[PDB]
Amino acid sequence: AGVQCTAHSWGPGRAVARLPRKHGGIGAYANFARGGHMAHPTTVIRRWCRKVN
Amino acid sequence: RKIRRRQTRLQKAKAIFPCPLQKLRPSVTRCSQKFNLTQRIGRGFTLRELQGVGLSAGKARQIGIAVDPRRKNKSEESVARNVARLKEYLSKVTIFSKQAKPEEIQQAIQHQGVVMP
Amino acid sequence: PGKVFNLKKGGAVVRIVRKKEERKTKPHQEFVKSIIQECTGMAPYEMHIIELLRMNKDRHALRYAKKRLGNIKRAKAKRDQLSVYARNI
Amino acid sequence: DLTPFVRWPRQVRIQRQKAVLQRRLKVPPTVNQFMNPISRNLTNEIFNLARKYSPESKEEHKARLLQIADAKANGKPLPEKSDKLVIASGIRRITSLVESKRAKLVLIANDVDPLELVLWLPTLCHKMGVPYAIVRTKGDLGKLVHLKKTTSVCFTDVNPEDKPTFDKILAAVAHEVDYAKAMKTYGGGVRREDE
Amino acid sequence: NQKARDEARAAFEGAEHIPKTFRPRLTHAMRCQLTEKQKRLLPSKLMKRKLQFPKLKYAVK
Amino acid sequence: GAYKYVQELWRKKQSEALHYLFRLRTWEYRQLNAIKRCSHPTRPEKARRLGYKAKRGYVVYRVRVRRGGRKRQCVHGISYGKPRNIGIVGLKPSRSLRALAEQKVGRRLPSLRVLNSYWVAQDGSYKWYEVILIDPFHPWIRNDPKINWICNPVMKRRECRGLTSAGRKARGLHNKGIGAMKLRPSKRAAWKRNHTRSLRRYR
RNA sequence: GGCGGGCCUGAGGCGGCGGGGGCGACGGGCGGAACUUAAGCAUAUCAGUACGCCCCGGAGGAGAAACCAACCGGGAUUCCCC
């Protein structure tokens, strides 16, 4: 989710904030960007069950 | 999965209503000094113990006794645990014959669980 | 080590699996090895070993056999088997 | 003429070339015996003696299928098929017969697909004492038994009426074929000048 | 065409080498799969044992 | 009492008689094609240990494999990267030339399914192997019970997958017991079983 | 040299029948990385992974000991807990 798109960072000195960007220059691959991957993705690998003796 | 296997296991039971799903296997001394005293379910009664009971190798498999020609009798005491085991099964077994008699077969107690634990 | 220490190891009688009716090459296997040896002949590595024996005695003959066959037990047997041909000519 | 310089297809050339390489090489003796077989008149006089026995014809095999096998419900016996002294063929059978010693004349063939198949039969013949002969073509030895090709044909007990002729045939082979003389041959490599 | 299909079927019927369109459709695997009976077929030496020691219904209390 | 004797004659391949017949045969296969159809199994006895029988539907094909240490292919013979992986002249093939010979005859003849391979002749420059192949479609093969299991789709192009003989040795199956625990189903499969991380929910 | 037959290795044509390509998983065989980690880097490590290639199945692979064990011993494989 979110990592599907392709973005190579535009990089400093081009006046763009430094964030991975698409061909036009749209925010991608960042929690603060629209459409980016939530930085810490939720997980199906959780301790769903809490055992009792 | 537990349910899947349970349902599948009971389907096996009705495909053969007379015979218990798991066959009788022999008690075998657990290996290594730590496990010498306890005995365990084993692959198969050896051909020697089976001939002590008096059954040919093929006949035993038909009756549900598994015969593994790999195991060697080894200890004489191993012959003792297994030959009596086979004995306690051959008495506790009722073999339906005469083609198929329907009413008698319908009242069959299938032994769910491993035989002669 | 690889054995536990029970001074009185042995509380159950033991039957020894043995021999399994220990067999032999039997008449045919040896006869055939004669039939082929008669027509095809001896291999070159063997010829060198036999020729070593008429002049040199053992030592270097075993050394050629270890290199050619790769194990001393096979070699000791080969040097000995080959020697039977050596004491005639 | 223009015939000598004709470029033949590769298969024809390779099969011709193998014969030339074979005649000019060392030719160890065990293979040399196969290269030179018994004389044609002698082959005729053993081949003529094979025709008098031999198994049934292919049409006779069909005749047995239609009557001997199909109508057996009307009858009952299974081996009314010929039971006459017969030449057998095939290396597995021949070797068991030669090792048994029951066989009298082994007629092995000079050409083979792998020479390894009947290389060790001549020695077997002199170890159990069986008289043996090498004759021309596995195919014209196959015809004797009616199969497509036979490596070897074994004369058997033989009919007594043919026994006087058989004894003359055996004696002629006994001079022409000798196992030990043949083992001291080591073949030949006749060169281009000799041709 | 429906009339045409049946008329051809009668002509090429109960015969080896039928025209492909008529042959049953199946899936590619079924067309090339072994017949069930041949799969059941066992070497005759292996078969004798099955009859000699056949299945017997038995029960243990 | 017959094929036994050929096996013995095949126990001495340095003897004069077994060298001469070897010269003739290896010379000829050098003046012949890489995958050539052979009507007769050149060695009749060995064929029956592998499984070949002379019923129709069985074909013997001879492959010629060149003998050499593998040379890795990279532009200008340099593997750009860390020093441990530099190497293009002495590598050794991980599939034996017998198995490669079996894969070879399978790519040029896909419909037939190869069984195992018997070595026929060899030289310094080129080795030769003959592989027995069985045609699944021919009727006799499907009906005969013993060879029927090959016709099952699961056993199609076994040679490439690794179900051949030198192939089972290539993965080390031919070595059973301790010392081979890590390759019992397959090495890539074994890696997953041990490395699998499973969290038991009710633990 | 010619001619005709048998065997054997081949050459075209015919008849029937197969074979090829596809699927973001699982599966089998190879060929095969580097970023990284070691606070540098060469052995290591990432990793017997990405990716490339060929092949099959509804599971495949594996499998009835040239096997573990050393015991008052087990007994094909496969999976799972430890």
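Residues numbered from 1 in each chain as written, not as in the entry; some residues may be left out. Chains lettered and ligands numbered in written order. Part of a larger assembly, values for the part shown. Heavy atoms only, no water.

- cryo-EM is the method the PDB entry states for this structure, with the resolution given as 4.9 Å.

Notes on the interface of chain D and chain F
Argument step 1. Across the contact, 27 residues belong to chain D and 25 residues belong to chain F.
Argument step 2. Carbon and sulfur atoms make up 69% of the surface buried where chain D meets chain F, a total of about 2400 Å² over both sides.
Argument step 3. Joining chain D to chain F, the criterion identifies 2 salt bridges.
Argument step 4. Put simply, chain D and chain F have 6 residue pairs in polar contact between them.
Argument step 5. Going through the elements one at a time, α1 (10–24), α2 (29–35) and α5 (91–100) of chain D are the ones with two or more residues in the side of chain D that touches chain F.
Argument step 6. If you tally residues by element for the side of chain D that touches chain F, the top one is α1 of chain D, at 6 residues.
Argument step 7. Classifying every residue of the side of chain D that touches chain F gives 16 nonpolar, 4 polar and 7 charged. (Contact = heavy atoms within 4.5 Å. Buried area = accessible area lost by both parts, 1.4 Å probe. Salt bridge = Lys/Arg side-chain N within 4 Å of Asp/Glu carboxyl O. Polar contact = N/O pair within 3.5 Å; in protein donor to acceptor, adjacent residues only side chain to side chain. Helix = DSSP H or I, 4+ residues; strand = E, 2+ residues; numbered from the N terminus. Nonpolar A, V, L, I, M, F, W, Y, C, P; charged D, E, K, R; others polar.)

Focus: the arrangement of the chains
Argument step 1. Between all 7 pairs of chains that are in contact, chains D and F come out with the most contacts.
Argument step 2. At their nearest point, the C-alpha atoms of chain C and chain E are still 27 Å apart, with no contact between the two.

A short note on the protein's contact with RNA strand G
Argument step 1. In the neighbourhood of RNA strand G, 78 residues make up the surrounding shell, with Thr29 of chain B, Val4 of chain C, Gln11 of chain D together with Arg161 and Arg184 of chain F lying closest.
Argument step 2. Backbone atoms, meaning sugar and phosphate, make up 80% of the atoms of RNA strand G lying within 4 Å of the protein.
Argument step 3. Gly2 of chain C places a polar main-chain atom, nitrogen or oxygen, 3.2 Å from a sugar or linking oxygen of RNA strand G.
Argument step 4. Contact between RNA strand G and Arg161 of chain F: a sugar or linking oxygen at 2.7 Å from a main-chain N or O atom of the residue.
Argument step 5. Among the elements of the structure, β1 (27–29) of chain B, α7 (139–145) of chain D together with β1 (35–38), α7 (158–161) and α9 (187–195) of chain F are those that each provide at least two residues to the surface near RNA strand G. (Near = heavy atom within 4 Å.)

Some details on the interface of chain C and chain D
Argument step 1. On the side of chain D, 10 residues touch chain C, which itself brings 7 residues to the contact.
Argument step 2. For the pairing of chain C and chain D, the buried interface totals around 770 Å² over both sides, and the portion due to carbon and sulfur atoms is 67%.
Argument step 3. Among the residues of chain C in contact with chain D, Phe31, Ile35 and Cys39 of chain C are the three that bury the most area, contributing 62% of the side total.
Argument step 4. Applying the counting criterion to the chain C and chain D interface returns 0 salt bridges.
Argument step 5. Applying the counting criterion to the chain C and chain D interface returns 3 residue pairs in polar contact.
Argument step 6. The class makeup of the residues in the side of chain C that touches chain D is 4 nonpolar, 2 polar and 1 charged.

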